[PDB]
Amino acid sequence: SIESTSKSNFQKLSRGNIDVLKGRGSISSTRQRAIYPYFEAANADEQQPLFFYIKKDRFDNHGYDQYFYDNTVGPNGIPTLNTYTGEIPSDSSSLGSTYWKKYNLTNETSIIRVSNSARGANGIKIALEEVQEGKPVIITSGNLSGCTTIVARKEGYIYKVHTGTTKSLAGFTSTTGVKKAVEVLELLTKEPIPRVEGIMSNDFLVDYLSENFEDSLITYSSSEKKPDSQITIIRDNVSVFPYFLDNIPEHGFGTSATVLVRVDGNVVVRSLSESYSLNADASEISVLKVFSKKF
């Protein structure tokens, strides 16, 4: 039953098993419910004037944060960063969700959804030690449609940033989007005055992550039509995963989910990025590429 299968899903997750998320689509909902783990968030948006926000506060029940919101979508807009519990991992606001609209992970699972901002990046910083046994945490990116996500670890903390644009600013994500993501990482790593003024590209992001974090994973779109997006440098402590590759999938989306679970007293961190294809009516999905990484 949905109930028995969902309980089984939870037990697998609570034991640090990330296979429970493989090939089941994106986890994404606009629901808002307070969760137990403390974490910090930040935003860097490229509007005029430029905008920056640092949040060292908790997300409360029933109530979006206007600075992590985009009123450009739907009859009343939608949040770009929100927290909720696992009884409903995905809802009708998510086109890349199938399995998670039917089955769940129970209310004992906590979820943090981090989307990109209108013209920039949103990011969070969470301590591994904040996780409690039997209460797994999932950081989800929602559906990726050209945007970039970054997951990285540094001195007991996991950082996850999602950058891109909701509008059709061609070439934005691989350039200005990178600048916004780096500014957010700087703000979350005790640098109140970030100064990222050089030439931006995905290569810059790889070089930056290599120099400032222990290990990281970049989930992005690689396109010859927008060469700044193509990575040409190699760094041993930076893994890269192109979920979109030059018009392939012609119709689809990417996913990025990171789990933090305390198993037998030790907090484990695993990340999973996938690429899916969608049919004309967007009613069925097919997994194409998968990347599994332990932090």
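A residue's number is simply how far along the shown sequence it sits, counting from 1.
Output the stretch having the higher mean C-alpha B factor in the entry; the candidates are 261-269 and 66-74. Per the deposited B-factors, the answer is 66-74.
For the stretches 19-27 and 281-289, which has the higher mean C-alpha B-factor as given in the deposited record? Per the deposited B-factors, the answer is 281-289.
Which one of 54, 50, 234, 240 shows the biggest C-alpha B-factor in the PDB entry? 50 has the highest C-alpha B-factor of those listed.
By the entry's C-alpha temperature factors, tell me which of 210, 173, 221, 166 sits highest. Answer for 210, 173, 221, 166: 166, with the highest C-alpha B-factor.
Going by what the PDB entry lists, where does residue 96 fall on CA B-factor within its chain: lowest, middle or highest third? Answer is highest: the recorded C-alpha B-factor places it there.
Considering only modelled residues of the same chain, in which third does the CA B-factor of residue 134 rank: lowest, middle or highest? Residue 134: CA B-factor falls in the highest third of its chain.
Where does the C-alpha B-factor of residue 35 rank in its chain, lowest, middle or highest third? Ranked within chain, residue 35 CA B lands in the middle tercile.
Within-chain third of residue 202 by Cα B-factor, per the entry: It belongs to the lowest third of the chain when residues are ordered by C-alpha B-factor.
Test of reading the entry: by CA B factor among the chain's modelled residues, which third contains residue 140? Ranked within chain, residue 140 CA B lands in the lowest tercile.
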